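Asks: Sequence plus experimental coordinates follow:
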Protein chains: 4
Amino acid sequence: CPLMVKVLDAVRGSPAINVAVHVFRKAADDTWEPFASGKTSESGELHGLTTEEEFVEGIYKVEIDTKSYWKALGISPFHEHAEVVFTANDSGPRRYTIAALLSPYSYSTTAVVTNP
Amino acid sequence: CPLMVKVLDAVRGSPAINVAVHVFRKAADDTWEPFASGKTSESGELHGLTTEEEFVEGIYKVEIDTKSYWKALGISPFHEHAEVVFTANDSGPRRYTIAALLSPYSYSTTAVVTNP
Amino acid sequence: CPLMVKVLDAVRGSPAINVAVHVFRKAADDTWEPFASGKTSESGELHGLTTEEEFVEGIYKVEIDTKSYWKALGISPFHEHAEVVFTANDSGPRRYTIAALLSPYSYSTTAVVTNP
Amino acid sequence: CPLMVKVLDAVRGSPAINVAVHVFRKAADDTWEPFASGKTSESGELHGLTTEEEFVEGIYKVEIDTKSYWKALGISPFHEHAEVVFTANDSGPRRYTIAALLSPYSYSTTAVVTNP
Ligand SMILES: O=C(O)CON=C1c2cc(Cl)ccc2-c2ccc(Cl)cc21
């Protein structure tokens, strides 16, 4: 529940299903340490990545594997993957939803940060 | 349930709350006939606009009153309102969600069309 | 050039060429009067719609005929057209660039406004 | 000019000026080698990063330093930077324009690719 990813397909107007998502956390030596991963569900969502206890303050990267999604559809894409890099902050609202809207040569990403 | 609107604020990373939304349907003389309206909830969503029986095939317009949302925040905006104009089709998936992502000088809108 | 429209295609990563654009201006009786129209060039841009002298203060609507663009590429898109509605020149003359980035089931519209 | 970066500010409706941009290229050992860097001009554009000769096939990463841009405007944004990762020149030389549209809690990134 503190980190959710939602991915939509702007070409088909649908959730983007079965997209691989890898989360990393930035280590003290500046490398990216694997943190969590999964595939989006039938509703384009990936829940259950981490817990409140482990999602401590720090810098995280969410990679969304957009190229493999488009290739499966036979559509030749621009980006290798979409990247979302941010600092997790204890002060603000407690839930972070990372949304991504995908097109072959463009994507947007937005963070919705809310309280239950 | 066949038509839902969801609105997000890209400046604050939050749902856009208390945004007025007016839906129109295009009449046989080409004018826009009021159809439904409401304000987005605390989660940025507006449900309950119409029913399956009345949401027949035709051209609809969804106006989102973005200027009043930004003015309330003290932020001077570009657009008078965001407009979403589309044909409702019985053939495709049965639920239409119109999403809008708002910034003072830009917005995106996406249609997610799915089956329950 | 006080008003310029630029349209890009997010499926192909290219300018959206030969897209029809209609501009209207709200009259004192509340109707939308035809103001100017044209088609985007090879660069996806439409210049020459108006002059400083004719582009007076007002509420303008830029209608970008996105459905016909997609149909001619074999795509059946969600929206009929993208509309951009804004007050212009209400604090003196400005230059406006209205951009639209198109995908079949999504678009974004942006304005860059500069003071000559 | 085979690689050009353009950055716009969706809060102000303006070019995003003096944004730092770092370009990297993936080496055969998988590390990201520094390739070129610069800052956007008054127009929000960064030209002159590379030459046809140096811009060979490869996987490139364009890192746009959006956090520092917002902080200097008094805004505490969500993302550390926007990353754009793509394979270039894998079917011969192309021209690439990488655009980013920024808001505090959202960005979109787009590419227009043309064949000289
Ligand atoms: O939405 C993006 O990712 C940036 O796209 N917007 C673009 C863009 C994108 C590209 Cl690749 C080239 C030019 C523009 C442009 C020019 C004027 C204006 Cl007002 C907007 C834009």
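Replies: Alright, I've got the coordinates. Numbers count the residues shown, from 1 in each chain, chains lettered A, B, ... in the order given.

Asks: how about the strands in chain A?
Replies: A:3-9, A:14-15, A:20-26, A:32-39, A:45-46, A:58-64, A:79-88, A:95-103, A:106-114 (DSSP state E).

Asks: Distance to chain D for those - can I get that in JSON lines?
Replies: Just so you know, the C-beta spots here come from the backbone N, C-alpha and C atoms, and that holds for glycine as well. As requested, the strands of chain A are exported to JSON lines (distance: least, Cβ to the nearest Cβ, whole Å):
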{"stretch": "strand A:3-9", "distance to chain D": "13"}
{"stretch": "strand A:14-15", "distance to chain D": "19"}
{"stretch": "strand A:20-26", "distance to chain D": "9"}
{"stretch": "strand A:32-39", "distance to chain D": "11"}
{"stretch": "strand A:45-46", "distance to chain D": "18"}
{"stretch": "strand A:58-64", "distance to chain D": "6"}
{"stretch": "strand A:79-88", "distance to chain D": "4"}
{"stretch": "strand A:95-103", "distance to chain D": "8"}
{"stretch": "strand A:106-114", "distance to chain D": "4"}
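
Asks: tell me, how many neighbours does residue A:12 end up with?
Replies: As a burial measure, residue A:12 scores 17 neighbours (other Cβ atoms under 10 Å in any protein chain shown).

Asks: Then residue A:83?
Replies: Neighbours around residue A:83, by other Cβ under 10 Å: 21.

Asks: what sits opposite it in the beta ladder?
Replies: residue A:63 (DSSP bridges).

Asks: For residue A:32, list the residues it contacts.
Replies: For residue A:32, the contact set (Cβ atoms under 8 Å, 6 or more residues apart in numbering or on different chains) comprises A:24-26, A:61.

Asks: which bits of chain A sit near the ligand?
Replies: Within chain A, the positions lying close to the ligand (Cβ under 6 Å from any ligand atom) are residue A:106.

Asks: what sits against the most far-flung residue of chain A relative to its centre?
Replies: Most distant from the centre of chain A: residue A:29, at 23.3 Å, with distances by Cα atoms, centre = their mean. If a contact means Cβ under 8 Å, 6+ apart, then residue A:29 has no contacts.

Asks: just to revisit the earlier point, can you redo the strands of chain A as a markdown table with distance to residue D:17?
Replies: As requested, these are exported to a markdown table (distance: least, Cβ to Cβ, whole Å):
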| stretch | distance to residue D:17 |
| --- | --- |
| strand A:3-9 | 32 |
| strand A:14-15 | 37 |
| strand A:20-26 | 28 |
| strand A:32-39 | 30 |
| strand A:45-46 | 37 |
| strand A:58-64 | 26 |
| strand A:79-88 | 22 |
| strand A:95-103 | 27 |
| strand A:106-114 | 22 |
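
Asks: right, and these - which one's nearest residue D:66?
Replies: Closest approach to residue D:66 among those is made by strand A:79-88 (9.8 Å; Cβ to Cβ).

Asks: which strands and helices sit next to that closest one?
Replies: Judged by 3 or more Cβ pairs under 8 Å, 6 or more residues apart in numbering or on different chains; DSSP states H and E, strand A:79-88 is in contact with strand A:58-64, helix A:66-72, strand A:95-103, strand A:106-114, strand D:79-88.

Asks: would you turn those into a markdown table with distance to residue D:42?
Replies: Formatted as a markdown table, the helices and strands packed on strand A:79-88 follow (distance: least, Cβ to Cβ, whole Å):
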| stretch | distance to residue D:42 |
| --- | --- |
| strand A:58-64 | 31 |
| helix A:66-72 | 33 |
| strand A:95-103 | 29 |
| strand A:106-114 | 25 |
| strand D:79-88 | 20 |
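
Asks: what's the closest of the ones you listed to residue B:80?
Replies: strand A:106-114 (22.6 Å).

Asks: and the angle for that closest one with strand B:3-9?
Replies: 80 degrees (axes from the mean of the first three to the mean of the last three Cα atoms, to 10 degrees).

Asks: Can you check what angle separates strand A:106-114 from strand D:95-103?
Replies: 20 degrees.

Asks: Other residues contacting strand A:106-114?
Replies: A:10, A:66, A:78-79, A:82, A:84, A:86, A:92-93, A:95-101, B:8, B:10, B:13-15, B:101, B:108, C:10, C:13, C:101, C:103, C:108, D:78-79, D:105-111.

Asks: from those, which would you call buried?
Replies: Neighbour counting over these (16 or more other Cβ atoms under 10 Å in any protein chain shown) leaves A:10, A:66, A:78-79, A:82, A:84, A:86, A:96-101, B:8, B:10, B:13-15, B:101, B:108, C:10, C:13, C:101, C:103, C:108, D:78-79, D:105-111 as the buried ones.
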